[PDB]
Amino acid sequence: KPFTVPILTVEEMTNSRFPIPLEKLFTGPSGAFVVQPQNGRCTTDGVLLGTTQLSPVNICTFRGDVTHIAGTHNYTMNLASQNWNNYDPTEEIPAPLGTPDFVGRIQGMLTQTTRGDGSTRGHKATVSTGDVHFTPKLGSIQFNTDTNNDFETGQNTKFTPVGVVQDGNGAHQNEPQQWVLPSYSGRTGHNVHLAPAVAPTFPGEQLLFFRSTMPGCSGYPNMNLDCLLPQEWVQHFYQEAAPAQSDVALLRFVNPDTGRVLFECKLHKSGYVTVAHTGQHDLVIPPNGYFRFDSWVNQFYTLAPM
């Protein structure tokens, strides 16, 4: 089976780290950061890595039952799996699939149905993934909400993410921090089963990022969100399971109207893209442009400069 990537254009695709569309392609130097996202991680032959799962809408959602923290507007959620089965904390994953992979405050809504009579309720809620109560690997997290009485125990409860918030007397755009992983077990333990950090290894190369702007809900948040693979590419590799014939697939980005190649890039078998460029750059592309697999090369292939 021949390897392929989707022909969907960048704006026709979805960010793999938050449920929002892609907006653009971005390249920048990453030496100052550790680039180790856990969502949007998939090998080219369809092996999911880290906390990656297949659904574009389950990214950064949580499901489970909640318990009120008396005297506050906070609730603890005991997590269930994404299909309401028991959560298994012994699975060899860093955290439940789809768990956020950055430190920040995510605002959205908590919703609940009472199974007995079908009564429902929904409240604005925020989860702070850097807080000591954020322990998804252990099966528990905390939300700050807009009620101190409405949610019931023993009832299915869902968190739908919307955007990010920034608080404090800190500098503008100081949070979220998209390249800092939460501690999935809080302070009890270190992160386990992580998808590896990625970095360019060939001279003159940088990572190529698929970038979106997260909605902001309060303050002055850093809304940039970069993923290594579109979610639709994850679904595609997962289904095709095309075997890699070398360590690097050469892709060309093509304009369909003219047939002309705009740039070329390396898709590494372990699931990330590099380009030959130095410095921060928002790539200028035709709206109908798309990526096309052209051939198998090695890690020492010299790309045409972007």
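In this text, the rigid core denotes the largest set of C-alpha atoms whose superposition between the two forms falls within 1.5 Å. One rule holds for the numbers: they count along the sequence shown, beginning at 1.
*Asks:* Report the stretch with the higher root mean square CA deviation, pooled over structures and residues in 5 other deposited structures of this protein, choosing between 294-302 and 280-288 after a rigid core fit.
*Replies:* The more displaced stretch in 5 other deposited structures of this protein turns out to be 294-302.
*Asks:* Quick one: with the core lined up, is it 231-239 or 185-193 that wanders further in 5 other deposited structures of this protein, going by C-alpha RMS?
*Replies:* Stretch with the larger root mean square C-alpha distance in 5 other deposited structures of this protein: 185-193.
*Asks:* Report the stretch with the higher mean CA temperature factor, choosing between 169-177 and 126-134 on the basis of the entry.
*Replies:* It is 169-177 that shows the higher mean C-alpha B-factor.
*Asks:* So, looking at the entry's B-factor column for Cα atoms, which has the higher mean, 97-105 or 201-209?
*Replies:* Here the higher of the two C-alpha B-factor means belongs to 201-209.
*Asks:* Highest recorded C-alpha temperature factor, please, choosing from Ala244, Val275, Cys42, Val35.
*Replies:* Most elevated C-alpha B-factor of the set, per the entry: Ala244.
*Asks:* From the list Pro230, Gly139, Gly71, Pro161, select the residue with the highest C-alpha B factor recorded in the entry.
*Replies:* Of the candidates given, the C-alpha B-factor peaks at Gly71.
*Asks:* Based on the deposited C-alpha B factors for this chain, I'd like to know if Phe151 is in the lowest, middle or highest third.
*Replies:* For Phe151, whose C-alpha B-factor we compare with every modelled residue in the chain, the answer is the middle third.
*Asks:* Per the entry's values, where does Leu283 land by CA temperature factor relative to the rest of its chain, in the lowest, middle or highest third?
*Replies:* Within its chain, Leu283 is a middle-third residue by C-alpha B-factor, going by the deposited values.
*Asks:* Is the Cα B-factor recorded for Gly271 in the lowest, middle or highest third of its chain?
*Replies:* According to the entry, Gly271 has a C-alpha B-factor in the chain's lowest third.
*Asks:* Which third, lowest, middle or highest, does the C-alpha temperature factor of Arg63 belong to within its own chain?
*Replies:* For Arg63, the deposited C-alpha B-factor lands in the lowest third.
*Asks:* Once the chain's modelled residues are ordered by C-alpha B factor and cut into thirds, is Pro29 in the lowest, middle or highest one?
*Replies:* Tercile = middle for this residue's CA B-factor.
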